[PDB]
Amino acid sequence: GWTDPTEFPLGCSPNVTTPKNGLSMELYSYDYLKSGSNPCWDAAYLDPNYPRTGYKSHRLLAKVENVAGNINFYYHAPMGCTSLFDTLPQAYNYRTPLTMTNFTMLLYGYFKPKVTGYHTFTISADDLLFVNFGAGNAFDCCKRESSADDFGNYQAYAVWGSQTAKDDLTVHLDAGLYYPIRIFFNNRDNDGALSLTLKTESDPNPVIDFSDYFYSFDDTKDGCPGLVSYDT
């Protein structure tokens, strides 16, 4: 039950006077197979455990903080089956060129709503985007480090070329709470793309700039369970 994704995800109440803006990010290599191979790309990204522990067998490229803003991109590769260096959008706070054609990316932190009510998050990706959302499902309130690998069934998932290449998740959220979120991305080859949008009833248009929504909090000994609750 604890890590299963739900329509009423659990949020958190960190004790934080001055919250740190943006999500944390980790970038890892995703090397091609030997030049001339067909298939040319490493298939590891489809392994159920690649997003849990497999990516750790790859090279750590960087740890980045303060990922905040519009994180969506479409990277158009000039050639397929070819590693090419380019840059991520500004939101990612990572200015140096990386292999945009082939890389793994993990984001985590907390999502703070602006208006209490239903939130629909929509995702699409090339090649892979797996999203967890809520305490337990993503990780435990102010206990991320100790629960980081224990995420549950994805609230949304998108895999290019599969039967689910676009997805969404609809959750009821309270604007006073901060919700654990985990976003796992992979580009295996060629084009790379990530789209996350948010729809609520308070705006007829989607939200694409998450500047005001993404936070990071330090873990604590006792954790920071949500202090707003409506269940009976």
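One-based numbering along the sequence shown. Whichever C-alpha set is largest while still superposing within 1.5 Å between the two forms counts as the rigid core.
Segment of greater CA departure in 4 other deposited structures of this protein, 157-165 or 70-78, core superposed: Farther from the shown form on average in 4 other deposited structures of this protein: 157-165.
Of 33-41 and 53-61, which departs more from this form in 4 other deposited structures of this protein by CA RMS after core fitting: When 53-61 and 33-41 are compared in 4 other deposited structures of this protein, 33-41 lies farther out.
Mean C-alpha B-factor comparison - 139-147 and 153-161, higher one: Stretch with the greater average CA B-factor: 139-147.
Between the two ranges 73-81 and 124-132, the one averaging a larger CA B factor in the entry: It is 73-81.
Largest Cα B-factor, entry values, listed residues 182, 52, 58, 34: Across 182, 52, 58, 34, the entry lists the biggest C-alpha B-factor for 34.
Highest recorded Cα temperature factor - choice among 188, 199, 63, 166: Going by the entry's C-alpha B-factors, 199 comes out highest.
Third of the chain, ranked by Cα B-factor, where residue 102 sits: For residue 102, the deposited C-alpha B-factor lands in the lowest third.
Entry-reported Cα temperature factor of residue 25, expressed as the chain third it lands in: Lowest third.
Relative C-alpha B-factor of residue 109, binned into the chain's lowest, middle or highest third: Lowest third, going by the recorded CA B-factors of the chain.
Assigned third (lowest, middle, highest) for the C-alpha B factor of residue 192: Ranked within chain, residue 192 CA B lands in the lowest tercile.
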